[PDB]
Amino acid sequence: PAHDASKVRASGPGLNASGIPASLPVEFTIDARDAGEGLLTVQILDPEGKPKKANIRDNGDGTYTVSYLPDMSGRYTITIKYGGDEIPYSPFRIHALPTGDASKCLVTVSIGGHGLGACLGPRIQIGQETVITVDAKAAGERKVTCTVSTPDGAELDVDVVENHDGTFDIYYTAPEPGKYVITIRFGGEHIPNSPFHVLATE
């Protein structure tokens, strides 16, 4: 069977034209029920112009659930193709909006049970876990995100434990030697002392 990308429809929170909350995971739906047979592709550039992971779930019914994490405030450009052809209204230009005051976050770092206060590196040890606790109690209802730029150039969404008392815990261990950037945002915006530049060594 053929495909007809002009019949593909997009909807849902992750494409909201009025903007989306930065720091919150979001979903949107792609409906290709009238579009024939083809692969759905989704490519996202983040506000710093870098690629961002788009998770595509095929619902087995002609529809797809697409999820991404807008960690940083700004414009996300989402290019969507079906069967190799760009769908109507792609590329989508989605504005992740900040709320709250990231600058009210307080950060404490711990290594091996030793508290460092708001301080990390410059040098850290491969294989040694760092624990970064962010106190967002005063900052607003949004979340803390942690994005790590590794020496090979990848970008990692580090899991952030939400304790539900306005605090967040970040556990990260550097596995390879070289330079890392640990970017910690609240509601889309850097918290104080973010980003942490560090060098991981034996």
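Quick note: we count residues from 1 along the sequence shown, nothing fancier.
As listed in the deposited structure, the average C-alpha B-factor of 103 to 111 and of 68 to 76 is greater for 103 to 111. Between 33 to 41 and 172 to 180, the higher mean Cα B-factor belongs to 172 to 180. The PDB entry gives the largest Cα B-factor of the residues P51, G166, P47, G62 to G166. Of the residues listed, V26, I56, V144, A154, the entry assigns the biggest Cα temperature factor to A154. Among all modelled residues in this chain, the alpha-carbon of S11 has a temperature factor (C-alpha) in the lowest third.
When all modelled residues of the chain are sorted by CA temperature factor, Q128 is found within the highest third.
When the CA B factors of the chain's modelled residues are split into thirds, the value for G84 lands in the middle one.
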